[PDB]
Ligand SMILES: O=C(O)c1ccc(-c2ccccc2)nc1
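First, one chain by itself: the form solved without this ligand, in structure tokens.
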């Protein structure tokens, strides 16, 4: 008698189980950028959102849903309780607390750990086999904490690390050179942020080494000052926060790119943070960005970049600072 039943004859009981499902944890400006980039790239057949801010949660979920005519991701859900995230191939974490002044690095990072003590177990319970991608800062350390708290093998716990910074360094590289970033190549590795290492030996267009053309590249004797480009990169995020109150669009597109490799098993290489104990001369349990082959199983391989000894030195110094810090956290 109903309209649905008058119009439509049903022939198949539900058994609805998601196939390529993604969850974004945290619907702050970063998460929703991740959400929208992912939805517009068609990477999932179900997206789940989670956060503690129930009102903002339902609202974002509703806005995205009203866009369905324009999407090809048939189901969007959200909630306080993590069972809406059940059976994710990928779980992306952007949840954070924002630092007070005085607070101090250490206490800030311990509150975030406090968030992962609640957030990580819940994800793991409902998606034992998901890959985790952390974006929260500080990224290298909070990723380590996800690895520790989830009990996941290191290949399934990925840190967004220096993915966007590299993209960045390539856009600026392209601005100076006059070609598209897609065709500008360069890697920023190691610890995310100002302590990141710009591998000047690797930078090229068309396989043409720029440090060979221009031996002063990056060094302090450089008439063209290419180290300031790295600087621009490292500073560009605060600079944007300074100008619009936060950043979103780039980090989201950056995450969508990672998500695509994962969800499509592309085995592309990205500068993202992984557990590198053993490699690049690192002996502590620390996550850093190195070129990783990324796919349906997370990080499967690492490209061994030939670093100078000063670069090898840089990373080795981040491992210590990191570990020092992680050593002082309460799990």
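Numbering follows the first chain given and starts at 1. Each form is matched to the other, and the largest set of C-alpha atoms that superpose within 1.5 Å is called the rigid core.
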- Item | Higher C-alpha RMS shift from the shown form in 5 other deposited structures of this protein - 121-129 or 90-98, rigid core fit | 90-98
- Task: Just give me the stretch that moves more in 5 other deposited structures of this protein: 155-163 or 108-116, judged by RMS C-alpha distance after a core fit.
- Result: 108-116
- Item | Entries skipping residue 81: at least a third of other ones | no
- At least a third of the other compared entries lacking residue 257? no
- Comparing mean C-alpha B factor in the record for 141-149 and 223-231, the higher one is 223-231
- Note on the structure: Of 63-71 and 270-278, the stretch with the higher mean C-alpha B-factor in the deposited entry is 270-278
- Residue set 32, 263, 40, 305, per-entry CA B-factor max assigned to 305
- Query: Which one, 245, 190, 159, 207, has the peak C-alpha temperature factor per the PDB entry?
  - Reply: 245
- Using the B-factors in the PDB entry, rank residue 83's C-alpha atom against the chain and give the third, lowest, middle or highest. middle
- Query: What third of its chain, lowest, middle or highest, does the C-alpha temperature factor of residue 21 fall into?
  - Reply: lowest
- Can you work out whether the C-alpha temperature factor of residue 94 puts it in the lowest, middle or highest third of the chain? middle
- Item | residue 259 - which third its CA temperature factor falls in, relative to the rest of the chain | lowest
- Message: Please say which third, lowest, middle or highest, residue 155 falls into when its CA temperature factor is compared across its chain.
- Response: lowest
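One more form of this protein exists, namely the form solved in complex with this ligand; it is left out here, but the text below deals with it.
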- Overlaying the pocket C-alphas and bringing this ligand over as found in the entry with it bound, would you call this site open, or blocked by 3+ ligand atoms sitting within 2.4 Å of backbone or C-beta? open
- Query: Looking in the entry with it bound, is this ligand within 4.5 angstroms of a heavy atom from every one of 89, 157 and 268?
  - Reply: no
- Message: Within 4.5 Å, heavy atoms only: does residue 78 come near this ligand in the entry with it bound?
- Response: no
- Verify the contact flag for residue 131: yes if a non-hydrogen atom of it lies within 4.5 Å of a non-hydrogen atom of this ligand in the entry with it bound, no if not. no
- Query: Are any of the heavy atoms in residue 180 no more than 4.5 Å from a heavy atom of this ligand in the entry with it bound?
  - Reply: no
- Answer yes if any heavy atom of residue 98 is within 4.5 Å of a heavy atom of this ligand in the entry with it bound; otherwise answer no. yes
- Query: Which residue among 127, 73, 137, 150 has a heavy atom within 4.5 angstroms of this ligand in the entry with it bound?
  - Reply: 137
- Item | Listed residue that, although this ligand is not shown, lies within 4.5 Å of it in the entry with it bound (heavy atoms), from 272, 286, 30, 299 | 30
- Message: Given the stretches 214-222, 90-98, 201-209, 171-179, which is the single one in contact with this ligand in the entry with it bound, using a heavy atom cutoff of 4.5 Å?
- Response: 90-98
